[PDB]
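Beneath this line is the structure, given in structure tokens, with notes to follow.
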Amino acid sequence: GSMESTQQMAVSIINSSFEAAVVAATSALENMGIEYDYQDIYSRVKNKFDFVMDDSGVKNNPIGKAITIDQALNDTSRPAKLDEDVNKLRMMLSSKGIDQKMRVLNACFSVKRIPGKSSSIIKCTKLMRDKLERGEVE
Amino acid sequence: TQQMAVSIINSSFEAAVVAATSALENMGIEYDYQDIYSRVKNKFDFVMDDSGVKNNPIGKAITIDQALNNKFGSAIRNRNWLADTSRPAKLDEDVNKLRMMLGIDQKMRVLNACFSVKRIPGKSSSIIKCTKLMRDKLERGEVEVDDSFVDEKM
RNA sequence: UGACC
């Protein structure tokens with residue numbers, strides 16, 4: 001059930017770009033203090049984005065290539081949606097002022113007070129452990 | 001494909017601008033095109049760059065181009081990654097961490113003093129840097145940082 | 001030369 005791995009990956013290019021745009025738009029207005037309706041900005045972005053990419057062949061084209069690739073190579077559905085959600089959440093957070101340094105460290109470590117002491121306890125989470133099994137700079 | 005991905009990314013920016021700009025007008029709120037254009041552009045450029053997401057799609061577009069030039073190595077890697085038995089578990093843990101983020105000040109103060117976050121050019125993932133002392137200490141278990149050291153580093 | 005935050 002992985003015989004569409006390339007097409008699934010290729011769609012995240014369109015979908016993640018779309019999500020980036022919604023975030024950019026809603027976030028900018030928000031930073032201006034202007035009140036707005038999420039669905040309204042969401043719909044306007046989709047209207048413009050869909051018209052340009054989905055009517056100029058640049059989605060039918062990318063997908064077509066992805067399909068040509070999957071045939072040559074020839075479930076995976078769940079891990080692809082989650083891949084897309086990771087891009088979305090990161091961007092949503094990024095837009096709010098919680099950059100990468102904050103996200104990486106907060107996700108890689110848990111920190112505790114330590115009661116009758118003037119120090120903190122740091123522990124690696126599963127994400128940090130996997131990085132070690134891969135690569136962390138000494 | 002890479003040029004198409006770039007194209008799609010720019011069309012996305014155009015959409016964010018038209019959405020904000022058209023949203024202000026529909027609500028009877030004045031605005032200068034250049035002003036709104038600039039605001040959306042800083043946010044979009046910052047978001048796409050800081051998220052590592054720009055590198056993700058341009059990177060993905062590049063492995064398709066390669067597969068089109070008969071170098072399926074990367075595409076093969078893409079299928080194996082998505083097929084890994086623990087892929088969903090790993091992304092779920094990833095996604096869960098980020099969603100809980102939507103405090104952390106004290107936590108960041110301590111962390112900002114012991115670790116540095118970097119990025120390998122082109123990559124969407126990150127690189128964490130520390131001292132061999134910390135690394136070896138971490139590669140053993142819990143680690144106590146003294147509130148004095150942190151302060152020694154702002 | 002994306003693979004994870």
Side-chain angles (χ1 to χ4, degrees), chain A residues 2 5-6 8-13 15-17 20 62 66 69 76 79-95 98-100 102-110 124-132 134-135, chain B residues 1-2 5-6 8-9 47 49-69 71-84 86-95 97-102 108 111 115-117 119-128:
Chain A
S2 63
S5 62
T6 317
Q8 295 177 294
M9 172 256 291
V11 167
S12 71
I13 284 171
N15 292 349
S16 283
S17 297
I69 292 169
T76 297
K81 291 299 181 179
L82 300 173
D83 184 51
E84 286 176 43
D85 299 326
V86 172
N87 290 337
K88 188 182 174 188
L89 299 168
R90 276 190 191 183
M91 297 193 273
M92 281 175 73
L93 285 171
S94 182
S95 71
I98 308 170
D99 57 13
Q100 47 184 148
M102 283 176 252
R103 305 194 302 271
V104 164
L105 300 181
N106 187 269
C108 289
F109 302 99
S110 63
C124 295
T125 64
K126 300 175 186 179
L127 284 185
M128 188 46 207
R129 270 299 174 183
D130 293 333
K131 289 194 69 78
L132 287 170
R134 295 199 299 270
Chain B
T1 308
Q2 158 168 33
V6 168
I8 289 177
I9 290 168
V47 163
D49 175 31
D50 178 68
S51 65
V53 165
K54 185 155 185 277
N55 291 341
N56 190 246
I58 283 181
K60 288 167 172 171
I62 291 179
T63 100
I64 292 176
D65 278 319
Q66 293 190 302
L68 282 170
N69 193 285
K71 308 179 187 304
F72 300 78
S74 208
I76 280 178
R77 179 187 169 184
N78 173 78
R79 179 171 284 192
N80 287 328
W81 183 69
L82 293 168
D84 279 342
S86 294
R87 186 81 297 118
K90 294 299 186 58
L91 296 170
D92 258 308
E93 299 184 300
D94 194 341
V95 164
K97 292 287 193 180
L98 302 164
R99 291 174 49 174
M100 215 293 94
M101 285 187 233
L102 282 169
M108 284 301 107
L111 294 173
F115 311 99
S116 193
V117 173
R119 174 187 297 173
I120 294 175
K123 289 201 175 309
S124 57
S125 67
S126 77
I127 295 296
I128 291 177

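Lettering of chains follows the sequences in order, A, B, ..., and the numbering in each one begins at 1. Just so it is clear, the values below take in all heavy atoms, side chains as well, and ignore hydrogens, waters and symmetry mates.
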task = Using atom CD1 of B:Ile64 as one end and atom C1' of C:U1 as the other, report the distance to the nearest whole Å.
result = 14 Å
key: Pair of N/O donor and acceptor under 3.5 Å linking C:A3 base with B:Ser74 side chain   = yes
query = Taking only N and O in the side chain of B:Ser125, is any of them less than 4.0 Å away from OP1 or OP2 of C:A3?
reply = yes
ask   = What about A:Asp130, does its side chain sit under 3.5 Å from the base of C:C4 through a donor-acceptor pair?
value = no
message = Base, sugar-phosphate or nothing for B:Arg87? Non-hydrogen atoms, less than 4.0 Å.
response = sugar-phosphate
query = What's the CD-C1' distance between B:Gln66 and C:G2, to the nearest Å?
reply = 11 Å
request  = May I ask you to verify whether the side chain of B:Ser126 and the base of C:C4 hold a donor-acceptor pair under 3.5 Å?
outcome  = no
message = Going by the rule side chain to side chain contact (heavy atoms under 4.5 Å, CB included), which residues pair with B:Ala5 if we only count those two or more places apart in sequence or in a different chain?
response = A:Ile13, B:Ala61
query = What about A:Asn87, does its side chain sit under 3.5 Å from the base of C:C4 through a donor-acceptor pair?
reply = yes
task = Look at all strands and tell whether B:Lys123 reaches a base, only sugar-phosphate, or nothing, counting heavy atoms closer than 4.0 Å.
result = sugar-phosphate
inquiry  = Tell me the interatomic distance from B:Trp81, atom CH2, to C:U1, atom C1', rounded to whole angstroms.
reply    = 16 Å
ask   = Is the closest side-chain heavy-atom distance between A:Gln8 and A:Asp83 below 4.5 Å?
value = no
ask   = Does B:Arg79 put a side-chain nitrogen or oxygen below 4.0 Å from OP1 or OP2 of C:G2?
value = no
query = With respect to the side chain of A:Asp83, which nucleotide from C:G2, C:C5, C:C4 is positioned closest?
reply = C:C4
key: Integer-rounded Å distance: C:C5 P and A:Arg129 CZ   = 16 Å
message = What is the distance, to the nearest angstrom, from the NZ atom on A:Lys88 to the P atom on C:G2?
response = 26 Å
key: With sequence neighbours excluded, residues passing side chain to side chain contact (heavy atoms under 4.5 Å, CB included) with B:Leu68   = A:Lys65, A:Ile69, B:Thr1, B:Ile64, B:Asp65
request  = Between C:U1, C:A3, C:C5, spot the one nearest the side chain of A:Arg103, thanks.
outcome  = C:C5
Option among B:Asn55, B:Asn56, B:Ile62 that satisfies the side-chain contact (heavy atoms from CB on, under 4.5 Å) test with B:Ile58 = B:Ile62
key: Interatomic distance, A:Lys126 NZ vs C:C4 P [rounded to whole Å]   = 16 Å
query = Between C:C5 atom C1' and B:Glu93 atom CD, what is the distance in whole Å?
reply = 13 Å
message = If I compare all heavy atoms of A:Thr125 with all of A:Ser110, which pair ends up nearest, and what's the gap?
response = CG2-N, 4.2 Å
ask   = Under 4.0 Å between a side-chain N or O of B:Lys54 and OP1 or OP2 of C:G2?
value = no
request  = Grab the CG-P distance between A:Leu105 and C:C4 for me, whole Å please.
outcome  = 18 Å
key: Minimum-distance nucleotide (side-chain atoms of B:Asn78 versus C:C5, C:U1, C:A3)   = C:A3
